[PDB]
Every structure is written in C-alpha cells, then in structure tokens.
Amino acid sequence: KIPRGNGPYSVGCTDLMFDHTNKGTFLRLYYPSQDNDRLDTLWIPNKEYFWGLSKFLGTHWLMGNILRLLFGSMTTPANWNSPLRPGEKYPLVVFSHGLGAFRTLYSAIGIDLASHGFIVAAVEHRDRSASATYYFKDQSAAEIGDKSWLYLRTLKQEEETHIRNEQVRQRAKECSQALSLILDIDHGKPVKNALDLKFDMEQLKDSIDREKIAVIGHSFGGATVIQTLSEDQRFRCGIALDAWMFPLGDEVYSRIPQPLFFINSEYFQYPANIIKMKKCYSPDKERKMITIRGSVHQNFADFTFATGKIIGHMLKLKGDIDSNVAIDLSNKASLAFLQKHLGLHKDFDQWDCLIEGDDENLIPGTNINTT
C-alpha cells in the first residue's frame, strides 16, 4: 500500500490533457477534496505503461504482462474525480517524474502534499524519457479515445550528453506550459480536456494562490527542477529529490535565483553529482541539502511501496530505512521548506529541524566526500 496523506485534507485526483497533441500538457492532478466516498485512483491506468516499464528495465517484453498481472489492479489512496474542496486558494506544486517513470508514480508525494493543502500537477513528459506516454494525432482521434503511444527512447553512449540536455530543456518547457495552463484555468479560461472525464475544470477557477508556485521532482525530474527555475521566475522555489545532474548544461549552475532544496538518498549519490549540486551554491542565494540515512534512489518513488520488504530490498526499491519513515522525512522537510519560501501560514515550520538535517535519520548536507 501507498500511504495516505498525513495532512488534514482528504485528497482527490484526476487527469488533464490539453491540448490533445504531443506538444500539449498532460498531467495528473492531486488536490484537496470535499468528498471522501469515491473510488481510489488506479495507480498504473493503462497496459502500455507496463510494456513501457519492460523496455525501461531492458527485459523481455513479456515481463510487461507479468508486471501488469502483479500491479495492474493496484490503487493509490486518492479519491478519483472527487470534487475540489471549495472556499480556499491553494498553493501549486508542479512535479517532474524520473527517467523510465511517468505521471502516476509519485502519488505518495502528491497525495501527502495535497492532504496538507497543495494542488499538485504531476506532469507526464513527452521528451521520450517516460517509460510510456500517449497523445492524440487529431481531434477525431481524441473524441473516440484513439490513443497513440510514445515509448522511452534508448540512447547510444555518444548521444547521452546532447540528448539528455535536449530532454531536460523540453522538460522545463513542459513544466512552464503546465503552469500557464493551470493559471489559465484559474482565471476561468474554458479548457476542453482531451480525456473525456467527469471532472469539471471550472471548479479550479479562483482556487490557485497564483503567487505561490513551486517545482519538485525526482532524479531526471530533480534536474528538471533546476532548469525550470532558471528559465521561469514564476516558480518561487524548487525541491530536488535525489537529483541527477548530468542533463544540465554548465551554464545553468550560476543562474538559479530561487531558493533550492536538495533531498538525497544515502546510497544513490556520488562525487560527480554532488560537485554539480555544489556549483548551484552561492552565499547570496538560498540552498539546503539533507541526506536520508539508509535510503536508496527509489525511496522517492511509489514502487518503494508496491512490494514486500525482502523482494523490495532485493530489487533496490527499498533501502535499510522503512519506506514510510523515509517518505515522511522527505515530505515533511519539503513542507517546511515550502512554507518558508512561499510564505505560507500553516504549521509546517514544526519540521524546520528537518531542513537542517537535525534528525536521527538525517544527515545535514551529504555523506559524499568531494575534496
């Protein structure tokens, strides 16, 4: 089971695609909900994402049907298409997923943020870094739900530098576009969702605190955070979950005015990646780093919850730390960070100690030596 949000709000979830093209926005929305009697949200909602993950794990295509059998009926604890809790303006998080992942696989994070009063827009990237994603070739195709699927691109050694940078820049554009879309919807611009779902987007009208916007993401999405911040000042701070720094150009490091928080796993990081994180530092600017003790790279994503302890540790989905304890630390620290830098009037400052790595399961800064 993926754990429920810890906050006071019930959580809802829906999907939005606009426009219908592979240049449009596709996102999974998590939001504070009015109602709590809806069905829970299907975690991986199409067979082709499993096919996609097979290609990502670089295994027999047949392994996609096994993954489907095991996981295809699993849900995450958010009410599907629940009405939005009215009468309050909610800060907005744009969330960027990792390589081989897609929009649905960071629900633990999305759900918990929503339960504390954020609308979270988990984007699905069309840079071919997602295991799979889909779109519609034309309007008729969208109408009848005739999906066209786009799978992960596998790179040769010598394309790596160039394409990863191309991808991370496409990712930032997609975060910006997704922001512009939600803001248009906040202002009441009628949007026809290309997905034909029973969730009225006009509920979101005047529901976004338009100044209080952040970007968060895992690994390739951690790099996306940084590129996005440098390109788009509407985002007011960012949180990088175990960022993979490779895709970023050398130019960006000195070009991040907004507060930025690195939350790392213990076992993923390495000197080359940390050195790059340290290039983002400047004493005029606001930077924090913590390391979650006993954690692995996958502790930030939902699959850390999909299997048992033993098999989870076997597949490097789980670390020595308990996955719930781990994600609580990451989520609570993030919330403290968000309250400070978006200027929120909540109680998330109770976890200010977490930002500084003051916990038995936290390391301030990093365990990685780079001198």
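Start at 1 with the first residue shown and count on from there. Think of the rigid core as the biggest set of C-alphas that the two forms share within 1.5 Å after superposition.
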Comparing 40-48 with 58-66, larger root-mean-square C-alpha distance from this form in 9 other deposited structures of this protein, core superposed, belongs to 58-66
With the rigid core as the fit anchor, does 88-96 or 139-147 show bigger C-alpha shifts in 9 other deposited structures of this protein?
139-147
Averaging only over Cα atoms, indicate whether 64-72 or 332-340 has the higher B-factor in the PDB entry.
64-72
If you take the mean CA temperature factor per stretch, which one wins between 275-283 and 217-225?
275-283
Checking the record values for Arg103, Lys137, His297, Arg126, which has the greatest CA B factor?
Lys137
Residue with maximal Cα B-factor (values as given in the PDB entry) among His97, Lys147, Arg234, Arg169
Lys147
Among modelled residues of the same chain, the CA temperature factor third for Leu39:
highest
By its CA B factor, does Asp19 count among the lowest, middle or highest third of the modelled residues in the chain?
middle
Select lowest, middle or highest to describe the third in which the CA B-factor of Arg28 falls within its chain in this entry.
lowest
Compare the C-alpha B factor of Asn79 with those of the other modelled residues in its chain, then answer lowest, middle or highest third.
middle
For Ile355, the third of its chain by CA B-factor is the middle
